[PDB]
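Undergrad: Take a look at this one; I'll ask things after.
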Amino acid sequence: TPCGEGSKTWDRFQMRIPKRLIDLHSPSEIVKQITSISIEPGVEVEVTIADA
Amino acid sequence: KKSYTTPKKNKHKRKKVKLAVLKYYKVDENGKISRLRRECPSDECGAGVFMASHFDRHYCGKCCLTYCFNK
Amino acid sequence: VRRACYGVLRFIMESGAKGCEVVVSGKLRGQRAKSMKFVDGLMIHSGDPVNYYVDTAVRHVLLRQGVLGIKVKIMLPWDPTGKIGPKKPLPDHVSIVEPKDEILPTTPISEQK
RNA sequence: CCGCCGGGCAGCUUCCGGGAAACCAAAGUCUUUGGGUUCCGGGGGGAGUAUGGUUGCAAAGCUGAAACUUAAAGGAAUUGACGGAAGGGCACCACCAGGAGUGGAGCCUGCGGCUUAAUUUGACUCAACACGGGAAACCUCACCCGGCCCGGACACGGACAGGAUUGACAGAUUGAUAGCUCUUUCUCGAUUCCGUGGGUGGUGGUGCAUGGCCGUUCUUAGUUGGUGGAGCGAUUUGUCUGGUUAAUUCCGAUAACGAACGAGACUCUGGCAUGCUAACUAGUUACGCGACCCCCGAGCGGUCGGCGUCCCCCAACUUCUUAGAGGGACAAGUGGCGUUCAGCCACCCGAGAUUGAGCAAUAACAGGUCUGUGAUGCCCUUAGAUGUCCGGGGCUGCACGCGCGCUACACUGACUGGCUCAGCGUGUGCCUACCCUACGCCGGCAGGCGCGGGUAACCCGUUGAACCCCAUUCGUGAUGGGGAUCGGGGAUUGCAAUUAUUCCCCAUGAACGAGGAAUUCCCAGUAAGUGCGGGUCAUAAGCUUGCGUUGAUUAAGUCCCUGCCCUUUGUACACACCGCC
Ligand SMILES: [Mg+2]
Ligand SMILES: [Mg+2]
Ligand SMILES: [Mg+2]
């Protein structure tokens, strides 16, 4: 309900967010190949350097 | 609702006075200007800044309108 | 209203729609509010299916009088051929591919290759 | 018994033909108008009245006006819709069988009222009442007692200079260091000011001027068309006697046949998956156990039981964790029952055909919403402004009334030791100034003061909880339950808490010993208790929405009340019985 009234019904607004992650060992080619390809839809990609 | 009676004391919207202001400038014989009365301490109001006699007030008007004292 | 929304409804079907509807709620040449609804073809009105099949769209319209609502609600026939239409089946709908061949009882015989 | 015949009482059936229609061998032969003849109606009432006449013992009978008023009254059939009609069917917003309560007390806050300057205000059965996310000091906020401020767009007019008054540091004041105003004047300097039209807002007005969004009739089974078939035609069948079904869902009888929306299918979810893909942002698992390792403990010692760690890892793995692909469960088998169809019931293997929501048609309703909307019609109002605010105040006020909550009434319990089991979340560093919190001291405590991790599956955080569970008091005393109302301190948030902000520490220490008339809630991991998150948050919840946790009794059917679906029927109702009269 906008405003007050009517028998009290609510909605149950949901958004999921699954995280995958993949470890690897490479140079600055294989990272910059594999990351820039396979992009496109609503997908965020992080790239950690090493360990921390 | 109510309809506003108003205690009969219809408050004044006031004019800031008319005033030509700059006639009182002592030109003693040839061209030279300086009278004396009370002064303000401000920077943009540099030394020339000038004061008064009212029912009390006195004010200084020269950091454009920034800075009137309390006298 | 009349000639216009038909002009729309005509179009959207002719374009290539499974079905469609238009609603023009609001005051309509009278101090009272009417609500008008001109409909055509097929339309599913429940399920998840609705979510990725109908193309709902509300828009107001502010006129020299007051305010109407448009509601266009088109049904997409990408069920036939999206290219791979998402799911394609409305889940109700099953397509049984037909016997095709299944010829010959005959006497036995053999062959070699 | 079987025929025929006349004239009698009657029946069915039909596209004669009639018939407004219902119907009618006759109401048939009627614009294709008249076989004979009798009576008799001309909108409704007034009125079958008044008056007159007559008959009668009289009730009364027969004959029988008008003024006036009146727009329909009426008839036949249609859908409605309601029956204190009838069959069928169904809902725990229904009942049964109960428990839990609720309705009683105190307290909370919701409204009503009174009171009050003000207690702004929307919301009025149900589908108004901890609802407007409505837990409000200040803001909120609109509202009152004031009081400031202008943020008067825009244009159109008016104002070159003896500078249009842009903008003014000590006092009179004022609340204010509001030049907002009463002299003084010292600068920006083309702004300014004053008209006119016109805006611009307005948590002003109107939700019967509207959009959207919502609520609901109503998670109830319903709704619709193409072609047929019926009706001159509105309409009607298809859309249904019965069995079935959560469900016009199905099969079948079947002037219908095959279709469409709703239901169903779907999505999310919730549970079987030593089956797969894996995972230092899970777990890890158990190792291998290589250890530290202290007798942590067993044991003379070998050896072992075990938390912790020393880990790391170039173990190994997914046994639980996680989340991807999968599978499965599908009335699937067998035995009843069943028109032996549609299915129903029981049992087998096993999750037995139903784990729980969201989505939800046609069509509605002055439901609610203009105060969620820079959605807004028109209206008001428009500078002294209902434009925006500062300060305060109110929204909290109190002889009464109702509404949702909590806590109790105690000993299956009360307070006194202790042991010890999560889940969904949540978190900083965020659109304008602001968290989550681990571990040190200090203090009783609120807390305080130290310091640490944390875009988080890492840090909080083996989320170390309450009931619960276990260890002692107490003895049925309004008692140690209960725990209101006040006395006094101390912290914290906040610029500020007076109008106890919130918290702590003291201190007082109430009614209630099971609730009068009523009435909602629901069947399985269900009611109840029980904390805990989230939402609300500077401060903060007795609010909701989720989450486990502990976990019952009982129905497993019926329509007995209330209310819903179809069918048949009646209906002077169609503002639909809360009607009409
Ligand atoms: Mg006749
Ligand atoms: Mg005739
Ligand atoms: Mg007449």
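Each chain in the structure tokens gets a letter, A, B and so on, in the order shown; residues start at 1 in every chain, and ligands are counted from 1 in the order they appear.
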Neighbours of ligand 3 at 9 Å or closer, counting only C-alpha atoms (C1' of nucleotides) and all ligand atoms: which residues, as a VMD selection string?

TA: chain D and resid 42 to 44

Undergrad: Output C-alpha atoms (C1' of nucleotides) for every residue in the selection just made, as a PDB file, in the first residue's frame.

TA:
ATOM      1  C1'   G D  42     -61.408   2.384 -23.958  1.00  0.00           C
ATOM      2  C1'   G D  43     -54.656   5.149 -19.199  1.00  0.00           C
ATOM      3  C1'   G D  44     -54.832   4.871 -13.422  1.00  0.00           C
TER       4        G D  44
END

Undergrad: Can you work out which residues are within 12 Å of ligand 1, considering only C-alpha atoms (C1' of nucleotides) and all ligand atoms, and then hand them over as a list in words?

TA: residues 18, 19, 24, 26, 27, 28 and 30 of chain D

Undergrad: Tell me, as a list in words, which residues lie within 8 Å of range 17-23 of chain B, counting only C-alpha atoms (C1' of nucleotides); anything in the same chain fewer than 2 positions away does not count.

TA: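 Near neighbours after the sequence-gap exclusion: residues 14, 15 and 25 of chain B; 162 and 185 of chain D.
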
Undergrad: Taking 5 positions as the minimum chain separation for residues in the same chain, which residues sit within 12 Å of residue 52 in chain A when counting only C-alpha atoms (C1' of nucleotides)? Answer as number ranges by chain.

TA: A: 47; D: 280-281, 458

Undergrad: Taking only C-alpha atoms (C1' of nucleotides) and all ligand atoms and a cut-off of 10 Å, can you tell me which residues surround ligand 2, written as a list in words?

TA: residues 30, 31, 33 and 34 of chain D

Undergrad: Please produce an output containing N, CA, C and O atoms (P, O5', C5', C4', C3', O3' and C1' of nucleotides) for each residue in the selection, written as a PDB file, in the first residue's frame.

TA:
ATOM      1  P     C D  30     -58.432 -15.858 -43.347  1.00  0.00           P
ATOM      2  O5'   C D  30     -57.710 -14.595 -42.687  1.00  0.00           O
ATOM      3  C5'   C D  30     -57.783 -14.342 -41.262  1.00  0.00           C
ATOM      4  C4'   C D  30     -57.705 -12.860 -40.991  1.00  0.00           C
ATOM      5  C3'   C D  30     -56.303 -12.296 -40.807  1.00  0.00           C
ATOM      6  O3'   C D  30     -56.047 -11.401 -41.865  1.00  0.00           O
ATOM      7  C1'   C D  30     -57.809 -11.483 -39.113  1.00  0.00           C
ATOM      8  P     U D  31     -54.572 -11.211 -42.352  1.00  0.00           P
ATOM      9  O5'   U D  31     -54.655  -9.889 -43.222  1.00  0.00           O
ATOM     10  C5'   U D  31     -55.179  -8.679 -42.660  1.00  0.00           C
ATOM     11  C4'   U D  31     -55.341  -7.679 -43.768  1.00  0.00           C
ATOM     12  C3'   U D  31     -54.058  -7.434 -44.547  1.00  0.00           C
ATOM     13  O3'   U D  31     -54.333  -7.053 -45.891  1.00  0.00           O
ATOM     14  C1'   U D  31     -54.659  -5.454 -43.408  1.00  0.00           C
ATOM     15  P     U D  33     -59.436  -9.954 -46.296  1.00  0.00           P
ATOM     16  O5'   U D  33     -59.072  -9.143 -44.963  1.00  0.00           O
ATOM     17  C5'   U D  33     -58.718  -9.776 -43.705  1.00  0.00           C
ATOM     18  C4'   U D  33     -59.641  -9.386 -42.563  1.00  0.00           C
ATOM     19  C3'   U D  33     -61.116  -9.279 -42.895  1.00  0.00           C
ATOM     20  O3'   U D  33     -62.010  -9.425 -41.800  1.00  0.00           O
ATOM     21  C1'   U D  33     -60.217  -7.096 -42.517  1.00  0.00           C
ATOM     22  P     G D  34     -62.111 -10.794 -41.004  1.00  0.00           P
ATOM     23  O5'   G D  34     -63.541 -11.381 -41.392  1.00  0.00           O
ATOM     24  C5'   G D  34     -64.212 -11.104 -42.642  1.00  0.00           C
ATOM     25  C4'   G D  34     -65.534 -10.462 -42.322  1.00  0.00           C
ATOM     26  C3'   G D  34     -66.783 -11.056 -42.931  1.00  0.00           C
ATOM     27  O3'   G D  34     -67.372 -12.082 -42.130  1.00  0.00           O
ATOM     28  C1'   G D  34     -66.898  -8.645 -42.721  1.00  0.00           C
TER      29        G D  34
END

Undergrad: May I have the residues within 10 Å of range 63-80 of chain C as a PyMOL selection string, using only C-alpha atoms (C1' of nucleotides) and disregarding those fewer than 6 positions away in the same chain?

TA: (chain C and resi 5+8-9+12-13+16-29+33-37+39-44+50+52-57+86-90+93) or (chain D and resi 209-212+375-378)

Undergrad: Output C-alpha atoms (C1' of nucleotides) for every residue in that selection, as a PDB file, in the first residue's frame.

TA:
ATOM      1  CA  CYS C   5      -5.694   3.177 -29.770  1.00  0.00           C
ATOM      2  CA  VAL C   8      -1.899   1.297 -32.038  1.00  0.00           C
ATOM      3  CA  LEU C   9      -3.593  -2.047 -31.338  1.00  0.00           C
ATOM      4  CA  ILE C  12       1.168  -4.043 -32.642  1.00  0.00           C
ATOM      5  CA  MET C  13      -0.760  -7.118 -33.775  1.00  0.00           C
ATOM      6  CA  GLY C  16       3.778  -9.680 -35.186  1.00  0.00           C
ATOM      7  CA  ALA C  17       2.266 -10.222 -31.747  1.00  0.00           C
ATOM      8  CA  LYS C  18       0.706 -13.260 -30.106  1.00  0.00           C
ATOM      9  CA  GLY C  19      -1.769 -10.779 -28.630  1.00  0.00           C
ATOM     10  CA  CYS C  20      -2.071  -7.434 -26.897  1.00  0.00           C
ATOM     11  CA  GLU C  21      -4.183  -5.062 -24.917  1.00  0.00           C
ATOM     12  CA  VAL C  22      -4.483  -1.400 -24.226  1.00  0.00           C
ATOM     13  CA  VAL C  23      -6.293   0.335 -21.370  1.00  0.00           C
ATOM     14  CA  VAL C  24      -7.139   4.026 -21.333  1.00  0.00           C
ATOM     15  CA  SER C  25      -8.328   4.751 -17.816  1.00  0.00           C
ATOM     16  CA  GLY C  26      -9.272   8.297 -16.778  1.00  0.00           C
ATOM     17  CA  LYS C  27     -11.865  11.017 -17.420  1.00  0.00           C
ATOM     18  CA  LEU C  28     -13.054  10.896 -20.993  1.00  0.00           C
ATOM     19  CA  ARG C  29     -15.424  13.651 -22.217  1.00  0.00           C
ATOM     20  CA  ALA C  33     -13.889   8.739 -14.864  1.00  0.00           C
ATOM     21  CA  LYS C  34     -14.409   5.858 -17.278  1.00  0.00           C
ATOM     22  CA  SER C  35     -12.029   3.027 -18.065  1.00  0.00           C
ATOM     23  CA  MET C  36     -11.708   1.703 -21.578  1.00  0.00           C
ATOM     24  CA  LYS C  37     -10.080  -1.632 -22.621  1.00  0.00           C
ATOM     25  CA  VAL C  39      -8.066  -6.213 -26.501  1.00  0.00           C
ATOM     26  CA  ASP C  40      -6.915  -8.597 -29.198  1.00  0.00           C
ATOM     27  CA  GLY C  41      -5.333 -12.050 -29.623  1.00  0.00           C
ATOM     28  CA  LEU C  42      -3.865 -14.151 -26.821  1.00  0.00           C
ATOM     29  CA  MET C  43      -2.642 -13.083 -23.342  1.00  0.00           C
ATOM     30  CA  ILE C  44      -1.466 -14.971 -20.200  1.00  0.00           C
ATOM     31  CA  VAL C  50       4.220 -13.550 -17.527  1.00  0.00           C
ATOM     32  CA  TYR C  52       9.550 -12.793 -19.536  1.00  0.00           C
ATOM     33  CA  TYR C  53       6.779 -12.807 -22.113  1.00  0.00           C
ATOM     34  CA  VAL C  54       4.495  -9.878 -21.645  1.00  0.00           C
ATOM     35  CA  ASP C  55       5.865  -6.417 -22.222  1.00  0.00           C
ATOM     36  CA  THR C  56       4.027  -4.251 -19.781  1.00  0.00           C
ATOM     37  CA  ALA C  57       4.211  -0.500 -20.004  1.00  0.00           C
ATOM     38  CA  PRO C  86      13.448 -18.014 -23.920  1.00  0.00           C
ATOM     39  CA  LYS C  87      12.043 -21.413 -22.792  1.00  0.00           C
ATOM     40  CA  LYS C  88       9.787 -21.006 -25.880  1.00  0.00           C
ATOM     41  CA  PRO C  89       7.088 -23.162 -24.468  1.00  0.00           C
ATOM     42  CA  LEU C  90       4.641 -21.537 -22.279  1.00  0.00           C
ATOM     43  CA  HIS C  93       2.393 -26.176 -24.342  1.00  0.00           C
TER      44      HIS C  93
ATOM     45  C1'   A D 209     -12.313  16.407 -10.840  1.00  0.00           C
ATOM     46  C1'   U D 210      -8.417  12.349 -12.162  1.00  0.00           C
ATOM     47  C1'   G D 211      -3.210   8.968 -13.352  1.00  0.00           C
ATOM     48  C1'   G D 212      -0.502   5.258 -10.980  1.00  0.00           C
ATOM     49  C1'   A D 375       1.369  12.255 -11.484  1.00  0.00           C
ATOM     50  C1'   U D 376      -2.063  16.081 -11.123  1.00  0.00           C
ATOM     51  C1'   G D 377      -7.745  18.383 -12.800  1.00  0.00           C
ATOM     52  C1'   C D 378      -9.866  22.275 -11.415  1.00  0.00           C
TER      53        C D 378
END

Undergrad: Report as a tab-separated table the residues of chain D within 12 Å of chain C, each with its shortest atom pair and distance in Å (one decimal), using only C-alpha atoms (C1' of nucleotides), ordered by chain and increasing residue number.

TA:
residue	atom	partner	partner_atom	distance
D:208	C1'	C:32	CA	8.6
D:209	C1'	C:31	CA	6.6
D:210	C1'	C:67	CA	5.9
D:211	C1'	C:67	CA	5.4
D:212	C1'	C:69	CA	7.8
D:213	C1'	C:58	CA	11.5
D:224	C1'	C:42	CA	11.9
D:225	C1'	C:41	CA	11.0
D:259	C1'	C:42	CA	11.8
D:260	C1'	C:42	CA	7.5
D:261	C1'	C:44	CA	7.1
D:262	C1'	C:45	CA	8.1
D:263	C1'	C:46	CA	10.5
D:264	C1'	C:92	CA	9.2
D:265	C1'	C:92	CA	5.1
D:266	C1'	C:48	CA	5.4
D:267	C1'	C:48	CA	5.1
D:268	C1'	C:48	CA	9.3
D:358	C1'	C:47	CA	8.5
D:359	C1'	C:47	CA	4.6
D:360	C1'	C:46	CA	5.5
D:361	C1'	C:45	CA	6.9
D:362	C1'	C:45	CA	11.3
D:364	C1'	C:35	CA	11.7
D:366	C1'	C:32	CA	10.1
D:375	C1'	C:60	CA	7.6
D:376	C1'	C:67	CA	7.0
D:377	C1'	C:66	CA	4.7
D:378	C1'	C:66	CA	8.8

Undergrad: For chain D, list the residues within 8 Å of chain B, counting only C-alpha atoms (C1' of nucleotides), and write the list as a ChimeraX atom specification.

TA: /D:162,167-172,177,179,181-188

Undergrad: For a test of reading the model, state the distance in Å between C1' of residue 67 in chain D and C1' of residue 40 in chain D, rounded to one decimal.

TA: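 Distance reported for this atom pair: 27.6 Å.
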
Undergrad: Quick one: contact table of chain A to chain D, 7 Å max, nearest atom pair and distance in Å to one decimal per residue, counting only C-alpha atoms (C1' of nucleotides), chain and number order, as a tab-separated table?

TA:
residue	atom	partner	partner_atom	distance
A:1	CA	D:214	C1'	4.5
A:2	CA	D:372	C1'	5.8
A:3	CA	D:132	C1'	4.8
A:4	CA	D:132	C1'	3.8
A:5	CA	D:368	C1'	5.4
A:6	CA	D:215	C1'	4.0
A:7	CA	D:127	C1'	6.2

Undergrad: What does the file look like for those residues with N, CA, C and O atoms, as a PDB file, in the first residue's frame?

TA:
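This is the output file selection06.pdb:
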ATOM      1  N   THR A   1       0.791  -1.200   0.000  1.00  0.00           N
ATOM      2  CA  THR A   1       0.000   0.000   0.000  1.00  0.00           C
ATOM      3  C   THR A   1       0.834   1.265   0.000  1.00  0.00           C
ATOM      4  O   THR A   1       1.646   1.470   0.894  1.00  0.00           O
ATOM      5  N   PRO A   2       0.658   2.109  -1.023  1.00  0.00           N
ATOM      6  CA  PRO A   2       0.944   3.492  -0.764  1.00  0.00           C
ATOM      7  C   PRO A   2      -0.198   4.048   0.033  1.00  0.00           C
ATOM      8  O   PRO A   2      -1.359   3.687  -0.187  1.00  0.00           O
ATOM      9  N   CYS A   3       0.141   4.982   0.906  1.00  0.00           N
ATOM     10  CA  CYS A   3      -0.743   5.445   1.954  1.00  0.00           C
ATOM     11  C   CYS A   3      -1.155   4.325   2.888  1.00  0.00           C
ATOM     12  O   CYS A   3      -0.447   3.323   3.013  1.00  0.00           O
ATOM     13  N   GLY A   4      -2.278   4.490   3.563  1.00  0.00           N
ATOM     14  CA  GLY A   4      -2.513   3.729   4.764  1.00  0.00           C
ATOM     15  C   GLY A   4      -3.028   2.334   4.579  1.00  0.00           C
ATOM     16  O   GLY A   4      -2.456   1.378   5.108  1.00  0.00           O
ATOM     17  N   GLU A   5      -4.092   2.224   3.796  1.00  0.00           N
ATOM     18  CA  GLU A   5      -5.146   1.291   4.145  1.00  0.00           C
ATOM     19  C   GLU A   5      -5.623   0.254   3.192  1.00  0.00           C
ATOM     20  O   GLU A   5      -5.519   0.368   1.971  1.00  0.00           O
ATOM     21  N   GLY A   6      -6.247  -0.725   3.828  1.00  0.00           N
ATOM     22  CA  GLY A   6      -6.428  -2.032   3.295  1.00  0.00           C
ATOM     23  C   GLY A   6      -5.780  -2.987   4.271  1.00  0.00           C
ATOM     24  O   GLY A   6      -4.893  -2.595   5.038  1.00  0.00           O
ATOM     25  N   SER A   7      -6.249  -4.231   4.256  1.00  0.00           N
ATOM     26  CA  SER A   7      -5.656  -5.299   5.043  1.00  0.00           C
ATOM     27  C   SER A   7      -4.182  -5.399   4.678  1.00  0.00           C
ATOM     28  O   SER A   7      -3.804  -5.313   3.505  1.00  0.00           O
TER      29      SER A   7
END
